[PDB]
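>>> Kindly return the folded structure for what I paste below:
(4 chains)
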Amino acid sequence: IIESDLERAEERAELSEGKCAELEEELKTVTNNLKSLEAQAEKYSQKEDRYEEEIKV
Amino acid sequence: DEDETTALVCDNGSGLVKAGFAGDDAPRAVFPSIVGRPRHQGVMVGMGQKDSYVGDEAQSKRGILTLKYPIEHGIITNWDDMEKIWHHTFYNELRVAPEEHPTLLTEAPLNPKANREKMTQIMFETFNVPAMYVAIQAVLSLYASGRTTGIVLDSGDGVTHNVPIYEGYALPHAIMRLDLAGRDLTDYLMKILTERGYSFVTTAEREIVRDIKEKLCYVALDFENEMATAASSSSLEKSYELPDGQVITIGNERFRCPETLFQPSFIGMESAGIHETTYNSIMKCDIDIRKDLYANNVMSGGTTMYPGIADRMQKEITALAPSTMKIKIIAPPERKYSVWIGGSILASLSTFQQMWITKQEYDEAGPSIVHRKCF
Amino acid sequence: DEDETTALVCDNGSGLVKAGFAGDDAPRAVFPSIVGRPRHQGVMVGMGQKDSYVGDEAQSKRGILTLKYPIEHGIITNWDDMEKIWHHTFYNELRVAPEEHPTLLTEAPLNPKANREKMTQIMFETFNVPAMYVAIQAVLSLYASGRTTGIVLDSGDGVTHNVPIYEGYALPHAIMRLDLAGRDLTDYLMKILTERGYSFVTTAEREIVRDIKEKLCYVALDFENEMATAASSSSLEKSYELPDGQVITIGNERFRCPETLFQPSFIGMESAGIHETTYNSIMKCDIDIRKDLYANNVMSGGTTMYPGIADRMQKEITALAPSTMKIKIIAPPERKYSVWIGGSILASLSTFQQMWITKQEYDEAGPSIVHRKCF
Amino acid sequence: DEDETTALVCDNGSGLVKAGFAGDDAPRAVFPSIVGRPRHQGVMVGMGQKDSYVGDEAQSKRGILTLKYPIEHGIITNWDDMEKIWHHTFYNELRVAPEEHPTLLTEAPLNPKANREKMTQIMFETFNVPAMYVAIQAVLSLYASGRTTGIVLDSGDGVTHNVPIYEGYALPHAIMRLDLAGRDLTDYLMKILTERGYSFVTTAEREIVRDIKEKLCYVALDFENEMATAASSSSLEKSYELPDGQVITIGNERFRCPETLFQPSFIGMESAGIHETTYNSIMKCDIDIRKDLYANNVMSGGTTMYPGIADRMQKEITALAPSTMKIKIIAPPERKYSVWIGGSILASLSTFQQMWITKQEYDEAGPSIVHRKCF
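Numbering: from 1, shown residues only, chains lettered A, B, ... in the order given. See the structure here:
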């Protein structure tokens, strides 16, 4: 019974670990996108200025 | 079990058949396109045991079965096995009686007419469907994604169709039909895992490698940087549990497999690669079209889920593209499922209600009707 | 092996290259405009094996080569491959060092000037030819056909030019240039053979389809009637044998490929077809010119070999033309080769011996001289 | 005692090791790939008696030894035992110290990389060989057979490789490696002989069944017709004299055991046989390659030493192959020895002098170098 609960609890660990890994992969994907977007938001803010400068010029 | 005569939607790939009813945002279940057969002689009496197993049955009892797929790069060549897959899908799991529902099937626009004619024939002649439509996968991902324009790149299990659409129109001279998909990537991985000391040949082994790829692999934004690193350090290895308690670790093979999509030469294929075929589909379109397709590089199907692929494809096209042009990938979560989803949306559109082939039209017109009514 | 320092004549198209010596009746050798390169990793040691193969070598060893054509819709973009084609043509088959013989090369007048400048340059700067002359293919077509006046219909593998000439003079405002040619007709055939269940995508396969077209295709005088017949009976099907013993049976695709010349929408081209443009080239000329052009519609180059083409073109121009007027097509057996013949005729005319650029006038003026001395 | 500082060649398979000098005719000696060890308690003293026996020593004293094979399925798993086989091979029969002689070893391209790394490492670190090379058994088979083009069907002791080679190039994606070989045929025969009343379980018994197979079995060009008579009459039985004076005979089992090569399911393998793998290797090659591979199926290695195999294979591939096409088989008397023969040919070619890894290159790079320089 404990083993059956263990198997299910382990299954939950696996399902939850599954989700953990999936979220981790999504976390990293999103975080990697965050980072590329941090780079883009800054490059874009810089472009906001390069373009603003092209307008000023 | 449905309370309305909603159209049924089934996306029949070389991998899995996604199926459910029109109006939902997901299939009820995914039915691997597999029919299994025992490869051993029975010894015990009173064991039941059938000549064949289908879909999830085929995978669940796979330890003693040889498993085969009826679909070859998008075309069904084994119709007996697809009738079993379709029957199981409707009869046991979707809890559907096609006799009372229109059915929408999907297909690459570039496949032989024999497949679209035969799919139309089986739903009308074997399943007695009141109506049919076979839809284009470029179209279906675009509906699911909320787009009318873009290059649709499937990179699926079977085929990559590379089809540019503008304002809902096909631009056929710019289409790059490509004989490269996940089924080839899997075979490549089996050969490089053999190099590591793990030989994968038989069905159980083939299904394990497909599972390894699905859980461990990525394309890499920059292949050479990952290559050099993974080949130099264990910090890039990822483990996988084999069903018997043994384990395998995978290093640069983790990306060398997916890389074949960008480098087809890895499996002996003569091809531009998915980033060049995508590029050429943009490039071959008219000059006033190019800007809209550059901004709408549209994902479809699986493998588009690999880490680094949405960023890599955008970079690879940008590197080939003219300046000024803004290049963007549309990579929605409706990934690996967008073709089925598009089928749900399409089947349900008021503007599509007259696009359905009815049973009476089919019987009078014959099977060639799919050429005049669908595409 | 030639007994005189006559001009070398080479008609280098996007398909084939016709090479020989001026004053003769036919090219001495015909090569494809192809340079082949191995796409596989060598396994055995001491096997020889070239880095690149040229012309007939490229096709002969093609089983493991990717085959590239240096010419893109009539313009040479790959001059590394063309100097190999020229060196092979001159050194191995014509058995001549161009240093001892003047050379005539050919191109349409609307071909970017960069190509005729470079053709002049390759012979002077790489082969040290004592003199050069880049000829108009339409000029050569009319000499070969026995005309000074007429319409030159020259759809090739690259582009279609469509040019009226009267009393030896061009009427350039009446040239109807189209991006419609045999390479596109071949692409359409590959798509429709795919519709029939035979998918051809690799170099070997692309060459097979091109070969299928050359041997099986035709246009027919009446397209609607040929279409309706093919759709009704197996009597219009024709077989083709493939290199490995496979056999393909082809039906209306046999004329739907060629049909694109009249129906350019099949390949995504914005055009009314070759008969509209042949007709317009006559129409854009003065009415005292038109009568002679209508009566002297002259075919040259290839694709003119499709049975039913001389009659369909004469009928379509007649249908578009005013009544009373007599419309006639000249479609000589010296087809597909007549431009080479015209080259031989022009190079050897006494009235043309002052038209040659010497390696002196060229060196003093530079590459742009071709624009002032040739066309 | 040798008249040249030549290379040494050793075909170290999972069965036997063929060893001799490069540039000679054949191997000077052929050893079992066996290291034997006593399984009994000694009673007499001053009897000599080794801790381990190698090659022919292992078989000569086998009455009380357990015999182990350091190589399985094409790969060395016990490097210590192969060093022992080699010390004996080189110093006792070839009468050479590898310290002064470059040495060539062999493998299949799809064996784990560890095989090539340990073969290279043992010879450089325990023998101090001045140079090493690891060769492709398929290449060596092609040199011995007089081919540069064909499918090499090596049918060895532990693995069948099945690789297409064209004009000296590999077509690696088309390799159909099969987990069926001569060692499995022996175990199959032991089980069927048990059904006939002759059980074999220990090493002495296992070595004899392999000897029975080698002398009594054949494959038959047509197994069904062969069975119709072999299963009906004792006139088709053949007797073998066992070491202890007992006599064992084999009837239709005489060809049904070898038949496994055309029926892998007999040993629990998920495969249709060698002719299916031969055919698919041809199928995965380009259409302009296939014609030459159909005409050049090459048998090499042992287990091809079964009467009826050249004809059995021609029928079995012809049955799968397109009509019109000629299917041909190369099966020289240099069977089972052809890999060694190819080894001598390759090691001694002038074109191969730069293919060797020198000791200096090895010491600087380490054993992973074999993976980068040999092939």
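>>> tell me which parts of chain B are close to chain D?
Proximity of chain B to chain D (C-beta under 8 Å from any C-beta of the partner chain) is limited to residues B:39-40, B:66, B:187-188, B:191, B:194-197, B:199, B:201-203, B:267-269. Using the backbone N, CA and C atoms, a C-beta is placed for each residue, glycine as well.
>>> what about the helices in the chain?
The chain I'm using is chain A. A:2-56 (DSSP state H).
>>> that answer is for a different chain, and I need it for chain B
Assigned by DSSP H, the helices in chain B fall at B:56-60, B:79-88, B:113-125, B:137-145, B:182-195, B:203-216, B:223-230, B:253-256, B:274-283, B:290-294, B:309-318, B:338-347, B:359-365, B:370-373.
>>> quick revisit: so which of the residues of chain B next to chain D reach chain C?
Of the residues in those, proximity to chain C by C-beta under 8 Å from any C-beta holds for residue B:268.
>>> Could you pick out the buried ones from the residues of chain B next to chain D?
For those, a burial check counting by 16 or more other C-beta atoms under 10 Å in any protein chain shown picks out B:66, B:187-188, B:191, B:194-195, B:199, B:201-203, B:267-269.
>>> can I get those in JSON lines with distance to residue C:72?
Formatted as JSON lines, these follow (distance: C-beta to C-beta, whole Å):
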{"residue": "B:66", "distance to residue C:72": "49"}
{"residue": "B:187", "distance to residue C:72": "35"}
{"residue": "B:188", "distance to residue C:72": "33"}
{"residue": "B:191", "distance to residue C:72": "37"}
{"residue": "B:194", "distance to residue C:72": "42"}
{"residue": "B:195", "distance to residue C:72": "41"}
{"residue": "B:199", "distance to residue C:72": "47"}
{"residue": "B:201", "distance to residue C:72": "45"}
{"residue": "B:202", "distance to residue C:72": "49"}
{"residue": "B:203", "distance to residue C:72": "48"}
{"residue": "B:267", "distance to residue C:72": "29"}
{"residue": "B:268", "distance to residue C:72": "27"}
{"residue": "B:269", "distance to residue C:72": "24"}
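>>> From those residues, pick the one nearest residue B:98.
When those are compared for distance to residue B:98 (C-beta to C-beta), residue B:66 wins out at 29.6 Å.
>>> Report the contact partners of the nearest residue to the closest one once chain neighbours are set aside.
Once flanking residues are discounted, residue B:66 sits nearest to residue B:39: 4.6 Å by C-beta to C-beta, 6 or more residues apart in numbering or on different chains. Residue B:39 makes contact with B:64, B:65, B:66, D:265, D:270, according to C-beta atoms under 8 Å, 6 or more residues apart in numbering or on different chains.
>>> Just put these in CSV and tack on distance to residue C:10.
Output for the contacts of residue B:39, formatted as CSV (distance: C-beta to C-beta, whole Å):
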residue, distance to residue C:10
B:64, 68
B:65, 64
B:66, 59
D:265, 62
D:270, 59
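>>> Out of those, give me the two with the largest separation.
Taking C-beta to C-beta as the measure, these reach their widest spread between B:65 and D:265, a distance of 13.1 Å.
>>> between these two, who's got more neighbours?
residue B:65 (23 against 15; other C-beta atoms under 10 Å in any protein chain shown).
>>> So the more buried one sits against residue B:49, correct?
No. If you go by C-beta atoms under 8 Å, residue B:65 and residue B:49 don't touch, sitting 10.9 Å apart.
>>> Identify the contacts common to the two.
residue B:38.
>>> near chain C, which residues of the stretch 201-350 of chain B show up?
Checking the stretch 201-350 of chain B against chain C by C-beta under 8 Å from any C-beta, the hits are B:265, B:268, B:270, B:284.
>>> Going by distance to chain D, which of those wins?
Each of these was scored against chain D by C-beta to the nearest C-beta, and residue B:268 proved nearest at 3.5 Å.
>>> With adjacent residues omitted, what lies nearest to the closest one?
Nearest to residue B:268 is residue D:173, by C-beta to C-beta, 6+ apart, at 3.5 Å.
>>> residues in contact with the one you found?
B:187, B:188, B:267, B:268, B:269, D:284.
>>> redo that, cut-off 10 Å
By C-beta atoms under 10 Å, 6 or more residues apart in numbering or on different chains, the residues touching residue D:173 are B:184, B:187-188, B:191, B:265-269, C:40, D:164, D:281, D:284-285.
>>> In a markdown table: the helices of chain B, plus distance to residue D:75.
Below are those laid out as a markdown table (distance: least, C-beta to C-beta, whole Å):
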| stretch | distance to residue D:75 |
| --- | --- |
| helix B:56-60 | 31 |
| helix B:79-88 | 37 |
| helix B:113-125 | 43 |
| helix B:137-145 | 44 |
| helix B:182-195 | 11 |
| helix B:203-216 | 17 |
| helix B:223-230 | 24 |
| helix B:253-256 | 18 |
| helix B:274-283 | 35 |
| helix B:290-294 | 51 |
| helix B:309-318 | 35 |
| helix B:338-347 | 44 |
| helix B:359-365 | 59 |
| helix B:370-373 | 53 |
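>>> Residue B:31 contacts residue B:89, doesn't it?
Yes. Here residue B:31 reaches residue B:89: they are 5.1 Å apart, a contact under C-beta atoms under 10 Å.
>>> picking that back up, determine which two of the residues of the stretch 201-350 of chain B next to chain C are furthest apart.
Using C-beta to C-beta, the pair of these lying farthest apart is B:268 and B:284, separated by 26.0 Å.
>>> circling back to that earlier point, tell me the spacing between the residue nearest to residue B:66 and residue B:84.
To residue B:84, residue B:39 is 18 Å away according to C-beta to C-beta, to the nearest Å.
>>> again with residue B:228
As for residue B:228, its distance to residue B:84 is 48 Å (criterion: C-beta to C-beta).
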